[PDB]
Amino acid sequence: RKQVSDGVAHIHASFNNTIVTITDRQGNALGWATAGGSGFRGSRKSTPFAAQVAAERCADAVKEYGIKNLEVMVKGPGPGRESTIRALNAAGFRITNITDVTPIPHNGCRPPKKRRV
Amino acid sequence: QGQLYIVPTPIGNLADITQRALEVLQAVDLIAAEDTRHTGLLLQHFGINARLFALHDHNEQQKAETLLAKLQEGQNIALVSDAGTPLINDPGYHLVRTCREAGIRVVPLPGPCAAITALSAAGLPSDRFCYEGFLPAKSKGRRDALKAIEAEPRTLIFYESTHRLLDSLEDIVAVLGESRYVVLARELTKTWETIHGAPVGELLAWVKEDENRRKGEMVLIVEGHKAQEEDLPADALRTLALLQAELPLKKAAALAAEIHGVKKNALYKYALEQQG
Amino acid sequence: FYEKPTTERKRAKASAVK
Amino acid sequence: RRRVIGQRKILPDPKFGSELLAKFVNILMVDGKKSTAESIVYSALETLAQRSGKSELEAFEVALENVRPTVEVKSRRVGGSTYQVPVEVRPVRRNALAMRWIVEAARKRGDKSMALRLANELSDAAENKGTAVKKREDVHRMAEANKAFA
RNA sequence: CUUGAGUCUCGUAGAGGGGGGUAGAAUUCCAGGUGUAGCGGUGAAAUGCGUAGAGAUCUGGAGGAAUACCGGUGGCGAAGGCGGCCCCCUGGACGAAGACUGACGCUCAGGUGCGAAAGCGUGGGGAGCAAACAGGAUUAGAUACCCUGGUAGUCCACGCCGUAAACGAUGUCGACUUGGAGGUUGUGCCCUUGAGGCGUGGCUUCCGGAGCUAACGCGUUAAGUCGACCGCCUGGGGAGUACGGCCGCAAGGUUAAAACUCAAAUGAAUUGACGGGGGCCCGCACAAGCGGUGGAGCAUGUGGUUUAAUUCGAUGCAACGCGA
Ligand SMILES: [Mg+2]
Ligand SMILES: [Mg+2]
Ligand SMILES: [Mg+2]
Ligand SMILES: [Mg+2]
Ligand SMILES: [Mg+2]
Ligand SMILES: [Mg+2]
Ligand SMILES: [Mg+2]
Ligand SMILES: [Mg+2]
Ligand SMILES: [Mg+2]
Ligand SMILES: [Mg+2]
Ligand SMILES: [Mg+2]
Ligand SMILES: [Mg+2]
Ligand SMILES: [Mg+2]
Ligand SMILES: [Mg+2]
Ligand SMILES: [Mg+2]
Ligand SMILES: [Mg+2]
Ligand SMILES: [Mg+2]
Ligand SMILES: [Mg+2]
Ligand SMILES: [Mg+2]
Ligand SMILES: [Mg+2]
Ligand SMILES: [Mg+2]
Ligand SMILES: [Mg+2]
Ligand SMILES: [Mg+2]
Ligand SMILES: [Mg+2]
Ligand SMILES: [Mg+2]
């Protein structure tokens, strides 16, 4: 609506789900989509296909704003890391740079006990 | 092709075995037993030799297929437990179900049962009864289980161990009240056999008088709830208390009465009495 | 434990380097 | 492998540019039988108009629409072992792989010579017959059936 | 008397120790903006969070705990142990060249001190983690892993506890005994030209000779050749248990048997099965296709029914158009 035409895409990748959001330079979100929110459900459907579907849905929702150039941030690992990137690039978007902003701790807090399976 | 036999065993008195059971044990090729060693000793006392198979709940299902295959080969398998009869708080459910669904004859044999033996001499109505087996070992779980069966009008049969008799009795006193009549039957068919019936509080007090009275295995017979309708439903009271915690007293009582369809005056009086 | 994996990784010190 | 190479360039057919006809028999070359097929295609199509009631001009490729596969088996080394992992049919094997297995069962299946086998087995496709079409019914077993592990 | 052992002068490296500051990342929580139905979790789920607006993103603030990269078979410490950066206090070790004292030394039963983690007492602190515990799932029902939470505990100050596979399963000190390849700190000389070459010290890692060892293996940092002193052991179970003494708030710790019972227990190494630990090489074994059986009717043969017999043998991979 505001026709800013410039924004940044935040991607949060997790072993169980992936989240894609679009915001402006001031951090104000405009639209978002998730793999679980795009018809898929369960970890057995957490493949990069669901991630790209969610990215396409987010792009369709945010197309009303007329964004053309996006700076994309990657948060954490996950199958839907590059799939979301290509999905949003294919939806008429001009990529600028890929920034990895995964929150790596400097051994501050003790990690939860690892699984025994 | 061969049939499966559910042969009970004595509950502590060797002399309490049936002749048909001995004949079946000597007439079968494999005997599935809870603890081979135990059964082995029992078989030796009667001079019977046969094959023993370790069948307990831990590996029940795992070996159910093997037992089914053995039965299909025309062999006769007899199932026994350390005591009493199988399938009553003893392994055997999965094997019996597999045999039944596979079209294999099942021949049960009458025999000792601790719950039935206790009930016969319990001195309480036996027309209708509910067997519950062991109670939860945890205090919270035990209290919840006791509360769920508080309103049961039928006689209740429970199994009990010397390790938690005192705690279980205390929980019963707290939940069902000391006015309830309970019968404790200990070491049936043994030298120290003792059946004592009394109010729960009196029973507890008597048991605590001497540790010797809480030694061995036990069965609890609880008289069913009396046919009294004066007391209002407990669920309505619980809902009213929760709504009072979350909402004002008047709205809580109105909502509880509306949902449960009961008189509001009685609920309000009970709430006021509890608050006071 | 959070320390056993570190010891297991350090055990490979003598795998093929020395 | 880091990079992959495409298919080798091959010249077209000067007569009519029928790649399907050329690939039908070229893969099956043996004992110098190319001359037999070359001299048989024209002779067969001359009389096929009355032999089968249709001419091999426009009806030669009207019952092969289902031949074109959508998923093909590729031996890919993943997880430390070989697996199918059916991916979209790339042009390298979309048609060549399916074409190489057409005359594998319609070669000497009731005639003493290949004079009439090659043309008749394909002309019969217009009458709910033939074998090139049913071949696609076997690839579906390993595709769209094990998505949990693929 | 000066060679052992020490003192003085100069310099070197070091997560050595105690105390106080401060820095960055991250987790959690609180609050604001944008934004809107999901988020979280799993093998799949559910409990859990969310329209009184979560998760995502941004912007402030609070708090506790730990110090990514450097980082290394690297370094320091008697051992336990010690990792951001800075300051104050402080211990030890090593190297060059001298001067000094002149056996002042080594080892130590008792004794004294230090001593991982868990635990205890008092008073604080509490982000994350997490015994106990609650709930979900699974089961006919359980237990058990798995999931969501979560209390001690984990942190600080003082005091107690004095136990570890507290291990290098190797007590401390001194001397003698072929050699290579490193790492890490010194220092002397040659053009340090420099990284280099020539030597000379301390610590430390790997291979290996003689010798030793039951073998494994050790091998100048010995488990080799000797010397001084101390501690400890003489079958397995009973049992590091009982009784007593001492120590402790408690948990318990330390010292420490006997009856009875068995003819073994145990160490190293060798041979094969096992195996899924693994890797490798083969065989329409699999891969990619060709044609069949099983679908239907026949003929033969088998298992069973009947019969007076339907003779008997093989009747899992090695039988059923087999003996015949
Ligand atoms: Mg037992
Ligand atoms: Mg039993
Ligand atoms: Mg320091
Ligand atoms: Mg210093
Ligand atoms: Mg301090
Ligand atoms: Mg912060
Ligand atoms: Mg050192
Ligand atoms: Mg002098
Ligand atoms: Mg001493
Ligand atoms: Mg501690
Ligand atoms: Mg305690
Ligand atoms: Mg404390
Ligand atoms: Mg406290
Ligand atoms: Mg539970
Ligand atoms: Mg947990
Ligand atoms: Mg938690
Ligand atoms: Mg010790
Ligand atoms: Mg240690
Ligand atoms: Mg030792
Ligand atoms: Mg060994
Ligand atoms: Mg060596
Ligand atoms: Mg030795
Ligand atoms: Mg002895
Ligand atoms: Mg002791
Ligand atoms: Mg004592």
Side-chain angles (χ1 to χ4, degrees), chain A residues 1-2 4 7-46 54 57-58 61-62 65 73 75-76 101-117, chain B residues 56-58 60-61 87-97 131-141 144-145 159, chain C residues 1-3 10-15 17-18, chain D residues 72-76 80-84 93 97-98 100-109 131 135 138-139 142 148-149:
Chain A
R1 192 165 39 262
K2 304 298 106 179
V4 297
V8 304
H10 286 107
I11 297 161
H12 191 180
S14 306
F15 275 46
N16 298 339
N17 202 348
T18 167
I19 302 166
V20 298
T21 311
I22 302 286
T23 182
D24 69 331
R25 315 306 296 284
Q26 291 82 334
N28 305 99
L30 316 174
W32 59 264
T34 63
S38 299
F40 304 93
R41 198 75 269 279
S43 178
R44 90 298 286 281
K45 268 189 252 71
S46 294
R57 223 159 59 79
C58 188
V62 81
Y65 288 84
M73 325 213 192
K75 244 206 195 189
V101 294
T102 305
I104 58 111
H106 296 173
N107 303 54
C109 274
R110 195 165 153 164
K113 218 161 190 308
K114 254 66 72 166
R115 279 165 81 77
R116 297 230 288 283
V117 288
Chain B
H56 31 283
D57 61 274
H58 303 289
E60 205 180 326
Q61 186 173 355
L87 281 87
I88 308 304
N89 277 81
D90 256 345
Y93 177 91
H94 294 258
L95 179 65
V96 164
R97 189 111 86 79
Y131 165 76
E132 306 290 307
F134 290 101
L135 257 174
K138 309 300 225 298
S139 199
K140 177 142 181 299
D144 298 356
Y159 277 0
Chain C
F1 226 93
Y2 100 84
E3 186 59 56
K10 101 193 172 185
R11 182 255 187 195
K13 145 201 81 208
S15 56
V17 77
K18 283 174 70 167
Chain D
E72 281 279 28
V73 66
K74 194 85 182 276
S75 188
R76 217 74 78 81
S81 277
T82 205
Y83 215 84
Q84 297 87 346
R93 282 191 191 286
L97 187 62
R100 287 158 145 69
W101 300 339
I102 304 301
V103 187
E104 278 187 327
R107 69 290 214 201
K108 71 140 286 288
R109 44 158 57 174
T131 312
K135 160 60 212 205
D138 214 323
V139 185
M142 46 66 82
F149 306 142

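Values below: every heavy atom of this structure, side chains too, minus hydrogens, waters and symmetry copies. Numbers restart at 1 for each chain; the letters A, B, ... are given by sequence-line order, proteins then strands.
- Pairing partner, E:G159: E:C120, with both Watson-Crick or wobble hydrogen-bond distances short of 3.5 Å.
- With a positive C1'-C2'-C3'-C4' torsion, the sugar ring of E:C39 falls in the north range.
- With centres closer than 5.5 angstrom and planes tilted by less than 30 degrees, the six-membered rings of E:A258 and E:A259 count as a stacked pair.
- Pairing check for E:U306 against E:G168: the Watson-Crick or wobble criterion is not satisfied at the 3.5 Å limit.
- Base engagement by A:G42 is indicated by at least one non-hydrogen atom pair under 4.0 Å involving a base atom.
- Taken together, E:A46 and E:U220 do not constitute a Watson-Crick or G-U wobble pair, since the relevant N/O distances do not both lie under 3.5 Å.
- Taking 90° from 0 as the syn/anti boundary, the base of E:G277 is oriented syn.
- No canonical Watson-Crick or G-U wobble pair links E:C246 to E:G35 with each of its two hydrogen-bond distances shorter than 3.5 Å.
- Heavy atoms of A:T23 sit under 4.0 angstrom from primed sugar atoms or phosphate atoms, though from no base atom.
- For E:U220, classification of the furanose by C1'-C2'-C3'-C4' yields a south pucker, on the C2'-endo side.
- Summarising the base pairing, E:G231 is matched to no nucleotide, lacking a Watson-Crick or G-U wobble pair whose two defining distances lie under 3.5 Å.
- In B:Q61, the CD atom is not crowded: 12 or fewer heavy atoms of neighbouring residues, nucleotides or ligands sit closer than 6.0 Å.
- A north sugar is assigned to E:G217: the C1'-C2'-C3'-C4' torsion is positive, on the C3'-endo side.
- Listed by first and then second residue, the ring pair (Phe, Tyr, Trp, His ring centres under 6.0 Å) pairs that reach into residues 9-38 of chain A come to none, sequence neighbours excluded.
- Counting heavy atoms of neighbouring residues, nucleotides and ligands inside a 6.0 Å radius, atom NZ of D:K108 does not exceed 12 of them.
- Taking a 6.0 Å sphere around NZ of A:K45, one finds it holds more than 12 heavy atoms contributed by other residues, nucleotides or ligands.
- Contacts of B:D57 with the nucleic acid, taken as non-hydrogen atoms under 4.0 Å apart, include base atoms.
- More than 90° away from 0 lies the glycosidic angle of E:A37, which makes this nucleotide anti.
- Nucleotides E:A166 and E:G80 have their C1' atoms positioned 7 Å apart, rounded to a whole Å.
- With a glycosidic angle more than 90° from 0, E:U305 adopts the anti conformation.
- In this structure E:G92 is not paired with E:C155, as neither the Watson-Crick nor the G-U wobble definition is met at both distances under 3.5 Å.
- In this structure, A:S46 contributes its side chain and A:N16 its backbone to a donor-acceptor pair below 3.5 Å.
- Residue contacts for D:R100: at a heavy-atom cut-off of 4.0 Å it reaches no nucleic acid atom on any strand shown.
- Remark: A:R41 CZ to A:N17 CG distance equals 7.0 Å, nearest 0.5 Å.
- Between the side chain of A:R57 and the backbone N or O of A:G37, at least one donor-acceptor pair lies under 3.5 Å.
- When the P atom is compared between E:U177 and E:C226, the two are found 15 Å apart, to the nearest whole Å.
- Checking E:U271 for Watson-Crick or G-U wobble geometry (two distances, each under 3.5 Å) identifies no partner in any strand.
- The base of E:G84 engages E:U22 as a Watson-Crick or G-U wobble partner, both distances under 3.5 Å.
- The gap from the P atom of E:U220 to that of E:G211 amounts to 16 Å, rounded to the nearest Å.
- Closest-nucleotide positions on RNA chain E for A:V117 and C:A14 were compared, and the one nearer the 5' end corresponds to C:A14.
- With both atom-pair distances required to fall under 3.5 Å, no Watson-Crick or G-U wobble pair links E:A13 to E:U73.
- Both A:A35 and A:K114 lie close to RNA chain E; mapped to their nearest nucleotides by heavy-atom distance, the more 5′-ward contact belongs to A:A35.
- In E:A319, the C1'-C2'-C3'-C4' torsion is positive, which places the sugar in the north family.
- Neighbouring nucleotides E:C203 and E:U204 have six-membered base rings whose centres lie under 5.5 Å apart with planes under 30° to each other, which meets the stacking criterion.
- Using a 4.0 Å heavy-atom criterion, one finds that A:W32 contacts the bases of the nucleic acid, with or without backbone contacts as well.
- Although no hydrogens or angles enter the test, the distance criterion places no donor-acceptor pair under 3.5 Å between the side chain of D:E72 and the main chain of D:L97.
- Going by the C1'-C2'-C3'-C4' torsion, the sugar of E:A15 sits on the north side, since that angle is positive.
- Adjacent nucleotides E:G303 and E:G304 meet the stacking criterion of ring centres closer than 5.5 angstrom and planes inclined by less than 30 degrees.
- Glycosidic conformation at E:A181 (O4'-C1'-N9-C4 for purines, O4'-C1'-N1-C2 for pyrimidines): anti, more than 90° from 0.
- Comparing the P positions of E:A66 and E:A157 gives a spacing of 11 Å, expressed to the nearest Å.
- Remark: bases of strand neighbours E:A23 and E:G24 are stacked by the 5.5 Å centre distance and 30° plane angle definition.
- Both conditions hold for E:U184 and E:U185, whose six-membered rings have centres under 5.5 angstrom apart and planes under 30 degrees, so their bases stack.
- The pairing partner recorded for E:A181 is E:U205, the criterion being a Watson-Crick or G-U wobble arrangement whose two distances lie under 3.5 angstrom.
- Residue contacts for A:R41: at a heavy-atom cut-off of 4.0 Å it reaches a base atom on one of the strands shown.
- In this structure E:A140 sits in no base pair that meets the Watson-Crick or G-U test at under 3.5 Å.
- Base pairing of E:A264 is not made with any nucleotide, judged by Watson-Crick or G-U wobble geometry with both donor-acceptor distances under 3.5 Å.
- The glycosidic torsion of E:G72 lies within 90° of 0, placing the base in the syn range.
- A:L30 comes within 4.0 angstrom of sugar-phosphate atoms only, judged by non-hydrogen atoms across all strands, and of no base.
- In this view, A:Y65 satisfies the ring pair (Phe, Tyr, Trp, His ring centres under 6.0 Å) rule with no residue, not counting sequence neighbours.
- With a heavy-atom cut-off of 4.0 Å to chain C, the contacted part of RNA chain E has its first and last nucleotide at E:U73 to E:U205.
- Between E:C94 and E:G11 there is a Watson-Crick or G-U wobble pairing whose two distances both come in under 3.5 Å.
- Taken together, E:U163 and E:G123 fail the test for a Watson-Crick or G-U wobble pair, since the two needed distances are not both under 3.5 Å.
- If you check E:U28 for Watson-Crick or wobble pairing at under 3.5 angstrom, you find it paired to E:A62.
- As judged by a 4.0 angstrom heavy-atom cut-off over every strand, D:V73 is placed among residues touching the sugar-phosphate backbone only.
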Step by step, would you call D:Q84 with D:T82 a side-chain contact (heavy atoms from CB on, under 4.5 Å)?
-> CA-CA 7 Å; D:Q84 297 87 346; D:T82 205; over 6 Å; no
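- At distances below 3.5 Å, not a single donor-acceptor pair connects side-chain atoms of A:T102 with backbone N or O atoms of A:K75.
- If you check E:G227 against E:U193, you find neither a Watson-Crick nor a G-U wobble pair with both contacts below 3.5 Å.
- Taking 3.5 Å as the upper bound for both contacts, E:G128 pairs with E:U154 in Watson-Crick or G-U wobble fashion.
- Base-pair partner of E:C198: E:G188 (Watson-Crick or G-U wobble, both distances under 3.5 Å).
- Looking at D:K135 and D:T131, their side chains never come closer than 4.5 Å, going by heavy atoms from C-beta outward.
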